[PDB]
Amino acid sequence: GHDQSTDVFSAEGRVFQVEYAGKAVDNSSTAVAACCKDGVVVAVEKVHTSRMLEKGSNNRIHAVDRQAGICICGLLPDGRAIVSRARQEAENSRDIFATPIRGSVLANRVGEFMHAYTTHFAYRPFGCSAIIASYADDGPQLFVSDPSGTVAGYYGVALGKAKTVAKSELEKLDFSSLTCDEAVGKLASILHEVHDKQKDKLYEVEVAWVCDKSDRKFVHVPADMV
Amino acid sequence: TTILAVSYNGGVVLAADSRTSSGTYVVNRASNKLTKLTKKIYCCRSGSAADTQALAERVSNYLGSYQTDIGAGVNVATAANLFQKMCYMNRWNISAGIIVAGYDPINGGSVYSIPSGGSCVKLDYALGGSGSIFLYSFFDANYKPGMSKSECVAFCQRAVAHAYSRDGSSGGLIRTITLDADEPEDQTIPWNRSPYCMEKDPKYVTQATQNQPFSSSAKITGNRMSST
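Definitions and limits used
- Residues numbered from 1 in each chain as written, not as in the entry; some residues may be left out.
- Chains lettered and ligands numbered in written order.
- Part of a larger assembly, values for the part shown.
- Heavy atoms only, no water.
- Contact = heavy atoms within 4.5 Å.
- Buried area = accessible area lost by both parts, 1.4 Å probe.
- Salt bridge = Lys/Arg side-chain N within 4 Å of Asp/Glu carboxyl O.
- Helix = DSSP H or I, 4+ residues; strand = E, 2+ residues; numbered from the N terminus.
- Nonpolar A, V, L, I, M, F, W, Y, C, P; charged D, E, K, R; others polar.
- Pairing = 2+ DSSP bridges.
- Axes fitted to C-alpha atoms, helices over the stretch in contact; angles between N-to-C directions.
- UniProt positions renumbered as here; feature names shortened; annotations may be inferred.
- Left-handed = near helix turned anticlockwise from the far one by under 90°.

cryo-EM is the method the PDB entry lists for this structure, together with a resolution of 2.59 Å.

Here you go:
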């Protein structure tokens, strides 16, 4: 009975319903992201169940503002809830403060929102990690908010089922030197290596960036660079 | 009230007279209408002291919260935007001309006018107060932009002095503050070192000739100063 509600600590001060939501994210399709000096690139492997989807279906990458986006990893519907909240924060920043939301701020807001659903018996934690990619006045930034609401900045990041491998491949990259052009290639390449073929037979790799070439607008990358 | 702000390269000057009047009596002859919002962002307040003090305190509060939260400096645009919001939400219940001016490193020095209706307009300089109606021509005629800090301070002091020499509702001290990359410099010119007043302009020393003595001629001489 220690593990049925997120309002409860176990005897070791764990919150199991959060660890469990965590597992939802780890059993999900893989995402990676890299924060360069010219921008952020985020890529994610969409696993279809049907051969008959439209290309575009179940986008896991959403813009949240002109300069920021969120790639979701885990339960896509839960993520669209976060994406909606991120968008409300971004709008608020523009409407009240007349400034684009800084990325650290956006990720904090996202984290606070996710964390809130780990405190109260009536809601459950979200089953998704959000990767936030911003390029506002704070510069290129890449955060991840996990279901606990813990938020961390990264140079590069990998989530989902192939996360342990994808991290090994992301460690081979030189983040000080790497550019958004190169990264679209590398990050996509990485998701092709770590994809398991005999399990998940149907897959595209969705990529998005926000960078100096995109006029610091967060956008899917044209499907010529992939 | 006379409030104004002017941009110079890299910052702003704000200036104001010091008088608060309940019509025709001066309740405060040393009010400070340059109100700090953040370190480098100020407003000048005109209209209802009550209203403007309440908004400034509210906006300053919000902006301090906001600065602590984003862990960085605040932009003048943010301060103006908030001010505008509040001024517009309460436009029917307040009398409030604001100028929000200050320095932020992204945009340099900025000036926003937020007049009674709650418009917010970004300008090179702004005037507000009952006394401002007297400075429009003064600026049109005598303000050249691109002034140094020090020139700009002196010019705003002159401008306030001119305004409050004619507006009965403005008077007293002239308070200024500059706001730029460096530390804010506040200044206060007391009335008796005002860089202009009518009581010391030589072209207003001769009295109008209204009280002519009874004479056998139409030739106007002077006022009758003595009974003999």
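Caption draft 1: View of the interface of chain B and chain A. Contacts between the two partners involve eleven residues from chain B, matched on the other side by ten residues from chain A. Contact between chain B and chain A buries roughly 880 Å² in total, counting both sides, with carbon and sulfur atoms accounting for 53%. Its largest share of buried area at the contact with chain A, chain B owes to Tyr-66, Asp-69 and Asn-81 of chain B, together 42% of the area lost on that side. Applying the counting criterion to the chain B and chain A interface returns one salt bridge. When the shortest N-O distance is used, the salt bridge between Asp-69 of chain B and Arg-109 of chain A registers 2.6 Å. Elements supplying a minimum of two residues to the side of chain B that touches chain A: α1 (49–70) and α2 (76–89) of chain B. Residue contributions to the side of chain B that touches chain A peak at five residues, all from α2 of chain B. A breakdown of the residues in the side of chain B that touches chain A according to their chemical character gives six nonpolar, three polar and two charged.

Caption draft 2: Just the sheet that holds strand β2 (residues 39–47) of chain A, in detail. All names here are of chain A. If you trace the five strands from one edge of the open sheet to the other, you get β8-β1-β2-β9-β10, paired in antiparallel fashion. Edge positions in the open sheet fall to β8 (156–159) and β10 (218–220), since each of these has one partner strand only. Here the average twist between neighbouring strands, direction ignored, is 15°. Pairing of strand β9 (residues 203–211) with β10 involves three bridges; the strand directions are antiparallel.

Caption draft 3: Representation of the UniProt feature "domain: Proteasome alpha-type subunits" (unreviewed entry) in chain A in the model. Here the UniProt-annotated "domain: Proteasome alpha-type subunits" (unreviewed entry) positions come out as residues 2–24 of chain A. The span residues 2–24 of chain A shows a helical share of 39% and a strand share of 0%, and its end C-alpha atoms are spaced 19 Å apart.

Caption draft 4: The packing of helix α4 (residues 163–171) of chain A against helix α5 (residues 180–194) of chain A, seen in detail. Residue and element names in this part refer to chain A. Direction vectors running N to C along α4 and α5 enclose 140°, while the axes themselves pass 10 Å from each other. For the element pair α4 and α5, the recorded crossing hand is right-handed. Along the contact surface, α4 presents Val-165, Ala-166, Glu-169 and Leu-170, while α5 presents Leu-187, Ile-190, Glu-193 and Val-194. Here the residues of the contact of α4 with α5 are counted per class, giving six nonpolar, no polar and two charged.

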